[PDB]
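Two forms, one protein chain; structure tokens for each follow separately as structure 1 and structure 2.
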Structure 1
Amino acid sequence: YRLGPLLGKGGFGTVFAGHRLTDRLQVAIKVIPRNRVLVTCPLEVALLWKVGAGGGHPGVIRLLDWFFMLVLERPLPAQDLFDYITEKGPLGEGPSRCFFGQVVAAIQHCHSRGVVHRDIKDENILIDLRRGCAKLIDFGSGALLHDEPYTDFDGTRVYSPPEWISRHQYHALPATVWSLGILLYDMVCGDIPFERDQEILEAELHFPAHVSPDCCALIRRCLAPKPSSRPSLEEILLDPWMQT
């Protein structure tokens, strides 16, 4: 492999653009420190291999190799939703619907593999601009799905679910749905719903004028304070806004 220009830096490590020497394929090399992250390969590798077995969702980026330096696939041209929205603004409900079902099926697959992404947000959805195809990146904070709940959260406060704020505990699915909730809101609205803890635990949603009733309805379904109240992946797919 040949590394190239930087793409982004941060707590997720450092992702460089690069290429595979033999076939000149465009790849991304994510560099992770040993004691500043979290056989005996990193969890992230373990997870991506389970996810990448057979073939991805295929809205999940695939790990090509690991050395810590993880060589993953890199669509060209690419851009993440966060930056997408920042340049274009809210997506429209047509497009949003489009990406959103993509994203849910991506996740759906991971769950079948037994992986939970645990940090679904605009930054961690990669848009292949040529194929208009959203792809789930960064399993740095993800973990193995199980019955037992999780007592650790790497996400930002504003993205956290009310049961994390409330009890420092959350189950995979209902937390995932929340995140999708936030995600959907982000796309259609052009920014996240909640800032302060009062609002998250209250689920105080004030929609702008253009969000279709049918849309709003699903967001509110997903941003239910009670975890039980929240829909499941399958049901989100049936939801009236998601059709057509």
Structure 2
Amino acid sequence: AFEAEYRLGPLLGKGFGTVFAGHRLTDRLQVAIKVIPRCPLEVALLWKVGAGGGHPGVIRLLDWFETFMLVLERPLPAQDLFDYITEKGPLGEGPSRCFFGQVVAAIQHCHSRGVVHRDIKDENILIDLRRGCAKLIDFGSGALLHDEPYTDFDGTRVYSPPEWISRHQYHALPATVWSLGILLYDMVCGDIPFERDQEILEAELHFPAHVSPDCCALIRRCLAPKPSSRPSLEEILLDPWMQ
């Protein structure tokens, strides 16, 4: 059945499992097909967040199969943000604001469906380059959202907050916001702020000279060491740099 409705094209990336470009046979709609080995949570999380729309900041799930294979939308043309930055350098504050804005709303959306992505990072933001639009991908390591802390966590280390590194403490919202701060620093500076555990734990920020102080202040807020010092998502949207 899979091989009846869909044709796998080139490998696009191989942790998540593996993602391919493909087409849906009947109408040659372009899709991405994500293969996983060993029903997975990702399908459920994608369902919850897709259901009735749901959001333009989130890649839609279109179909899934056992043999596990997920059929995802594929904007044409598209590039993840990591590769974009590799090729083009930091986004610069005007387009970061817009993309950062979109990511935050996608995250808010997800939280509204009770889903925490838990792996926000630039490899996981797809830029749909026709519409000028960021989309969240890769829910393979997300969870259902709760007040209660986690240790279910298997994220990307360099986007993980100090209290996870130090205490194995994962609080969904503060850890999300921490990762947003990493991402934003990524976007405007062209690299992550902290490469090693020790750097995360110290959390010391040295901004390149080109980063505006407005952008600095927001990033410092998101990357506060103590998780309760961190803004909520609404505070971030209301930050003066975000206007």
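FYI, numbering is relative to structure 1, first residue = 1. We call the rigid core the largest set of C-alpha positions that still match within 1.5 Å between the two forms.
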Which one of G114, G155, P75, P95 is the only residue whose C-alpha moves by 2 Å or more between the two structures, after superposing on the core? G155
Is it true that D214 shifts between the two structures by 2 Å or more at the Cα, once the core is aligned? no
Return yes or no for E204: a CA shift of at least 2 Å between the two structures, with the rigid core superposed? no
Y170: how large is its C-alpha shift between the two structures, with the rigid core as the superposition reference, in Å? 1.5
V27: how far does its C-alpha move between the two structures, core aligned, in angstrom? 0.4
Angstrom displacement of the CA atom of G56 between the two structures, core fixed: 2.9
